[PDB]
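> Provide a 3D model corresponding to the input given below.
(one chain, ligands or ions: 1)
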Amino acid sequence: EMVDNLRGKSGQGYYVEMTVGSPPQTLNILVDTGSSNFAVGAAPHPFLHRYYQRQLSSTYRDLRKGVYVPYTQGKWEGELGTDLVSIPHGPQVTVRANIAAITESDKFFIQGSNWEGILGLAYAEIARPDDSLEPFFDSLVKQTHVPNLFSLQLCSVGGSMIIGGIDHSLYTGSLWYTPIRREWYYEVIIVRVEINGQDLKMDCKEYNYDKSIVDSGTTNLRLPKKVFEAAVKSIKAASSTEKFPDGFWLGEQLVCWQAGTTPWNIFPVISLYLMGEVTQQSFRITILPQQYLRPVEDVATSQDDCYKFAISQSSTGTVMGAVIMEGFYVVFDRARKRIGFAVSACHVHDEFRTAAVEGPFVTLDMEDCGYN
Ligand SMILES: CCc1ccnc2c(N3CCCC3=O)cc(C(=O)N[C@@H](Cc3ccccc3)[C@H](O)CNCc3cccc(C(F)(F)F)c3)cc12
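Residues are numbered from 1 along each chain as shown. Next up is the structure itself:
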């Protein structure tokens, strides 16, 4: 009953239905593995269809503490409290959880996104104001018998968040696991990057400067500047039969082709090799251009298909965002401190190439690829 419990608009996040308070107030909540605060709009905003009304909830408790969270994109300010929370299309339980009631925000809520709050699924270590503010999933596990893991299948868009386990109908082939290096973000280690089979040939620590995370709340694959520049050079080289403005590669403008004629074949596959559970072993996930060229829906341009380049630069480490997660089934196995990847039932592919998760691979270089 949890399959297809996610919805969204492309590039604007995936959300699950939840209720907060007594009686239950229904809200759509963006699922974010890249943060650890549960926060909901709690005052009127031009882009909010609805919001949390604390005065109508008899179970609301004010914690008398303010909270501020600045993300890569957007920020909000709010008041901490606790209240009863449920997930109608998830486990049939009711949890008392911390909630940040958002009373002011800047460039956080998105016009027409259909969500009114955010569910930070990462660890307390990065919760604001500090790590004593227990994240939602921790509360869920402590207060119920739900097993300590969840899985995401990100595919108008839809998908599934399976709470408490793994749904085999959602993937094919094998699940490959990479260690969670540190429990704050879902931090992993990338050991090798290839563009159309060709190694970027960097010290592998560069791929994880200063950390690498799996983040459903971020759209792009974001790469450390040095890695980003190398990647773009290689993708340009592979696609050189056509020349695009420098602004496209910086994500500052779209590229468009007559509807139905996108030249997928001139763009390379990107392979990210993730550290395995065994010494010097790894597996790779392969990303097709249908993933990193993100379609931008606009009726005005609809004689064409237009795309934004969804790989961009980062000064805070690698972020494997939604365009990376889409088409894979990703298991956040908190209990065993590992992340699993498998090919999704809604995988990307044309008649020539297919997204893949495969291994094992062996590296001869014994360097630790972790930055710290
Ligand atoms: C879905 C909305 C969206 C669309 C398009 N682009 C987006 C984008 N960007 C910017 C450039 C490339 C890119 O993909 C970045 C983010 C973004 O910052 N995601 C947030 C969640 C969020 C969700 C909805 C609205 C705002 C934030 C996530 O927590 C970040 N994790 C690390 C993180 C960073 C900093 C602090 C924290 C902490 F404080 F929460 F821990 C976590 C959302 C984008």
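
> so the lengthiest helix in the chain, near the ligand or not?
Secondary structure of the chain per DSSP state H: the longest helix is helix 225-238. No - Helix 225-238 lies apart from the ligand when judged by CB under 6 Å from any ligand atom; the minimum separation is 11.3 Å. Where C-beta positions appear, they are placed from N, C-alpha and C, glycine not excepted.

> packing partners of that helix?
strand 190-195, strand 311-314 (3 or more CB pairs under 8 Å, 6 or more residues apart in numbering; DSSP states H and E).

> packing partners for the last one?
Identification of packing neighbours for strand 311-314 by 3+ CB pairs under 8 Å, 6+ apart yields strand 221-224, helix 225-238.

> quick one: distance of the helix or strand hosting residue 99 to the chain centre.
Using DSSP states H and E, residue 99 sits in strand 94-106. Taking CA atoms, centre = their mean, to the nearest Å, the mean C-alpha location of strand 94-106 is offset from the chain mean by 20 Å.

> just stretch 174-188 next, same as before
That offset, for stretch 174-188, works out to 14 Å (CA atoms, centre = their mean).

> got the residues of the stretch 101-250 of the chain near the ligand?
Going by CB under 6 Å from any ligand atom, the residues of the stretch 101-250 of the chain near the ligand are 108, 118, 126, 215, 217, 218, 219, 220, 222.

> among the residues you listed, which are located in strands?
Of these, the ones assigned to strands by DSSP state E are 118, 222.

> scan the residues of the stretch 101-250 of the chain next to the ligand and report the most crowded one.
residue 118 (28 neighbours; other CB atoms under 10 Å).

> surely that one touches residue 33?
No - here residue 118 does not reach residue 33: they are 11.2 Å apart, not a contact under CB atoms under 8 Å.

> need the residues touching each of the two.
residue 217 (CB atoms under 8 Å, 6 or more residues apart in numbering).

> check contacts around the residue lying closest to residue 239 once chain neighbours are set aside.
Using CB to CB, 6 or more residues apart in numbering and skipping the chain neighbours, the partner closest in space to residue 239 is residue 266 (4.8 Å). Residues near residue 266 by CB under 8 Å, 6+ apart: 238, 239, 241, 242.

> near the ligand, which residues of the stretch 251-372 of the chain are found?
312, 321.

> tell me where the stretch 251-372 of the chain has helices.
289-292, 322-325 (DSSP state H, counting those that start in this stretch).

> before we move on, back to that, contacts for the strand holding residue 99, please.
So strand 94-106 is contacted by 20, 37-43, 45, 52, 54, 59, 63, 67, 69, 74-86, 108, 117, 133-136, 139-140, 143-144 (CB under 8 Å, 6+ apart).

> in strands, which of those appear?
20, 38-41, 63, 67, 69, 75-86, 117.

> strand partners of the strand holding residue 99, parallel vs antiparallel please.
Strand 94-106 has the following sheet partners, assigned by DSSP bridges: strand 38-41 (parallel), strand 75-86 (antiparallel).

> distance to the ligand and mean neighbour count added to the ones you listed, as TSV?
Output for these, formatted as TSV (distance: least, CB to the nearest ligand atom, whole Å; neighbours: other CB atoms under 10 Å):
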stretch	distance to the ligand	mean neighbour count
strand 38-41	10	27
strand 75-86	8	20
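
> want to try JSON lines for the ones you listed, with distance to residue 205 as columns?
Putting those into JSON lines (distance: least, CB to CB, whole Å) gives the following:
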{"stretch": "strand 38-41", "distance to residue 205": "34"}
{"stretch": "strand 75-86", "distance to residue 205": "30"}
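
> and residue 181, which of those strands is closest to it?
strand 38-41 (24.4 Å; CB to CB).

> dump the closest one to PDB, restricted to CA.
Output in PDB follows, covering the C-alpha atoms of strand 38-41 (Å, rounded to 0.1, in the frame of the first residue of the first chain):
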ATOM      1  CA  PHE A  38      10.900  18.200   9.800                       C
ATOM      2  CA  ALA A  39       9.400  21.600   9.000                       C
ATOM      3  CA  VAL A  40       6.000  22.800   7.700                       C
ATOM      4  CA  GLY A  41       4.600  26.000   6.500                       C
END
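
> who's in contact with the residue nearest to residue 8 when sequence neighbours are not counted?
Spatially, and ignoring its direct neighbours in sequence, residue 8 is nearest to residue 14 (4.1 Å; CB to CB, 6+ apart). By CB under 8 Å, 6+ apart, the contact set of residue 14 is 6, 7, 8, 30, 31, 152, 154, 157, 159, 216, 322.

> do you know how far the first one is from residue 188?
The gap separating residue 6 from residue 188 is 22 Å, by CB to CB, to the nearest Å.
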